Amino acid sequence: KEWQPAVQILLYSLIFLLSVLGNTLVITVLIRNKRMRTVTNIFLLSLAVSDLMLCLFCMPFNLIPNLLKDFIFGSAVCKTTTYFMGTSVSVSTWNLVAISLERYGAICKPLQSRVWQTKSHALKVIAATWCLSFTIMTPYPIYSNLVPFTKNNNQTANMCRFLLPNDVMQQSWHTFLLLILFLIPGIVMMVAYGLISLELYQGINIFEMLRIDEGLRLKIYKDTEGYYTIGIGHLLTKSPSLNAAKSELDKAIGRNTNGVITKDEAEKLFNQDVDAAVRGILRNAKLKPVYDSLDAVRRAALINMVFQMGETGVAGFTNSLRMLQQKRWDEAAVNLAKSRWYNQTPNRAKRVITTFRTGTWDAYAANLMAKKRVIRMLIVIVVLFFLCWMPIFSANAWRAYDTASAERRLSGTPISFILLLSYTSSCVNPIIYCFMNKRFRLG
């Protein structure tokens, strides 16, 4: 009746406008702003190019042939569209695992992944993803032809169908695709996003807190007191000796860097300084009693103070140290907000105090909460992508094993909506990008 074609036109016209406005927008904002072109966004640019390739070059040749019940277009485009329809899904699935491998190496093992987060590596894997996708999907332009059929009163009409030599070669192809495009990309992404969620659940630690409160400066730089410090708050010497700062530095490390310590050299010295700060608390008869009775969040704050001030300096906070042992947290915060350490470094002192008062990492839960926001978005686009393309790949396997029953039950309206679900996947990714930053303000 008239209702099925009418809803097919307004649905396809809307998803065409949505996928052509967003994907054109995201390729612009990335090609305009070099600040946005991170390693993760480079893959998302490739993912957005394939979604536009599938919407512009393929989505029309799927609706208007169905609405006409005839493939009026030539036989060379039946081979071209099916070629691009297959290449688009292959690069999109395998770019979605590239970001999962990228986020795994950047979070779970940030030490041995330096060969991955380089921009030249991402360019050669999106080149390999696009190149091999065109090579893997070569059977589609080869075994796609026009199948003649009669409609009404000897009305000759053609249809574009994918036909292989035998049924064995047909069911071994759709099994190969379900295996290489959904099953294998599925388990490697659950172990990737699962291991990532394990690290992000570990929360903020003391080494990340001190790395935030101090930062990394490779050259010898003046601290708040004026003395030369290097690395992550490693004091060289309090005596005004510019030569002793170079000698004491080269005495610890294994060469005369003349103030040019590598990034891995500063981490070895930063790990040693924390051990010297926690063992200074254990030997102190005033800091050890309060350290053993504090929470893991509050214990890290006490070591943060020893890292900055020293064992003898913080041990003089006898009024605040007893207040911490008295578990009266809000009162210890007011007593600590009146010291010299709070006025010498107000920003650093406010963070360490709020961890004492609340016992939470909320003062440093910023970059961790931003990393949690990106992973939650990447998990949604993967679930939405699989939810859209599973009905068509599973129905193609049913058609390869039982062609009579599969075509009989779903060939009119059911397959018309199954394909419509697979085409919505091209526009849902730009919609999620918007809904992340203040798009929820609109109404």
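The first residue of the shown sequence is 1; numbering continues from there.
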| item | value |
| --- | --- |
| Segment of higher mean CA temperature factor, 145 to 153 or 239 to 247 | 239 to 247 |
| Stretch exceeding the other in mean C-alpha B-factor - 413 to 421, 30 to 38 | 30 to 38 |
| Selection by C-alpha B-factor (highest) of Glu199, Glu102, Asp213, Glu267 | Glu267 |
| Highest recorded Cα temperature factor - choice among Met209, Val260, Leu177, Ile136 | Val260 |
| Position of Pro289 among the chain's modelled residues by C-alpha B-factor, lowest, middle or highest third | middle |
| Modelled-residue ranking by C-alpha temperature factor, third containing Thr81 | lowest |
| Modelled-residue ranking by C-alpha temperature factor, third containing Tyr228 | highest |
| Where the record places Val274 (Cα B-factor, split into thirds across the chain) | middle |
| Position of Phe435 among the chain's modelled residues by C-alpha B-factor, lowest, middle or highest third | highest |
